[PDB]
Each structure stands twice: as structure tokens, then as C-alpha cells.
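Okay, structure first, notes after.
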Amino acid sequence: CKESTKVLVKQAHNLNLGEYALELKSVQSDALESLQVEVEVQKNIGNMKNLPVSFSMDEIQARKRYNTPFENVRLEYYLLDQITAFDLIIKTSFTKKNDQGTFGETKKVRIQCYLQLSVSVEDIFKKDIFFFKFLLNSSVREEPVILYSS
């Protein structure tokens, strides 16, 4: 037992690719808050859970807080709930079981839950011809937004 006050701190850094894993983003949504996930398929996948982690439960798929484990999921979404939250913390753990035993647990990825742009609508009414006025804006007042199509 070489346990001591040593501050050596060996890395075992994040390897890049060419093996199965799972990632969690939040894109292509409507105007109600949600979250998503995506994974790389393999020979035999297994259970893969998640959790929130704070003093109070920020977002919850159930009535109270939840975990929402699932078995053999490739690309599917998951909803959330309400608090004064901007960026929640999700500790996704994935027992892959591709081999006899293989895991990639405790991937504490802090996902973000906010609308990027902001839209306001003004309607003007002529005699049976109708025009829209669309006042677009950015939600946060530090980072700007770019655009591709509307």
C-alpha cells in the first residue's frame, strides 16, 4: 500500500474515438424545454442511466426527481421541468457490456437549457391584407446569435 500524501495525479486522459460511447446534447427543439441524447451502436449494448445533481432538484422528467434509465437506446429525447435553471448538471453513467465487462460511467456533462434567440411578434391589419412584423433578438445580453434561414 503506497497510499500517502502524494500529489502525483496521474492523468488517464480522455481517449478520442473508434469505440462505442454516448453523448447528450439538446437541439432541434420546439418552444418547450427538453433534452436529447445520441449513441454509437455496437454488438450488445445494455442499461444506461442518468441523474441530476444539486442541492434542490432542478429539472425532472417525473413529478418529483427521476433518473430515467433505459436499455438499448440509439437516439432518443427526454423532457425536463421547471426551476430557475440555466445550465443543469447531468451525471450520465453507461454500463455498455459490449464485452463481458466494459463501462464508461460518471460522465458528468453539464448540459445547457435555454433558448438561444428570442422572437417578438407585431401584427398590422390592412383591409383583407395581413402583414407580420417579427422582432428577432438574442436571449442573453452578452453572446450574439448568427442565422442561416428563417
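In terms of the numbering used here, the sequence shown opens at residue 1340 and continues consecutively.
Where a beta carbon is used, it is the ideal one built from N, C-alpha and C, also for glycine.
CA nearest to the CA of residue i, picked from the options
| i | options | result |
| --- | --- | --- |
| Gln1375 | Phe1433, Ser1343 and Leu1414 | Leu1414 |
| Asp1426 | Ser1393, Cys1340 and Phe1433 | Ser1393 |
| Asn1386 | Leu1361, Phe1433 and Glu1342 | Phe1433 |
| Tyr1487 | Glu1461, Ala1370 and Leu1456 | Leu1456 |
| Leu1454 | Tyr1405, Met1396, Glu1372 and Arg1402 | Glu1372 |
| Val1448 | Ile1399, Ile1429, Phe1442 and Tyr1405 | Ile1429 |
| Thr1445 | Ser1395, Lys1345, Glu1362 and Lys1465 | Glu1362 |
| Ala1424 | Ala1401, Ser1395, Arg1402 and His1352 | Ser1395 |
Rounded Cβ spacing between residue i and residue j (contact assumed at less than 8 Å)
| i | j | result |
| --- | --- | --- |
| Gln1451 | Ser1365 | 7 Å |
| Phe1469 | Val1458 | Actually they do not touch by this definition, with Cβ atoms about 18 Å apart. |
| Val1378 | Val1412 | 7 Å |
Continuous beta strand (DSSP E) stretch holding residue i: start and end
| i | result |
| --- | --- |
| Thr1431 | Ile1429 to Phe1433 |
| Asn1386 | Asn1386 to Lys1388 |
| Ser1393 | That residue, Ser1393, is in no beta strand (DSSP E); it is neither H nor E in DSSP. |
| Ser1368 | Unbroken run through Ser1368: none, as it is neither H nor E. |
| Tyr1417 | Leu1414 to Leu1418 |
| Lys1472 | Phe1469 to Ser1477 |
| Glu1461 | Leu1456 to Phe1464 |
| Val1448 | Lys1446 to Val1448 |
Buried or exposed by the 16-neighbour rule on C-beta atoms within 10 Å, applied to residue i
| i | result |
| --- | --- |
| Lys1349 | exposed |
| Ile1485 | exposed |
| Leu1475 | exposed |
| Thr1431 | buried |
| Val1479 | exposed |
| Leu1419 | buried |
| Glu1410 | exposed |
| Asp1397 | buried |
| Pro1391 | buried |
| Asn1355 | exposed |
| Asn1389 | buried |
| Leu1347 | exposed |
CB contact below 9 Å: residue i versus chain C
| i | result |
| --- | --- |
| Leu1361 | Protein chains in the displayed structure number just one, and chain C is not present. |
Are the segment 1437 to 1444 and the segment 1459 to 1468 in contact at 8 Å, needing three or more beta carbon pairs? Contact fails: fewer than three Cβ-Cβ distances are below 8 Å.
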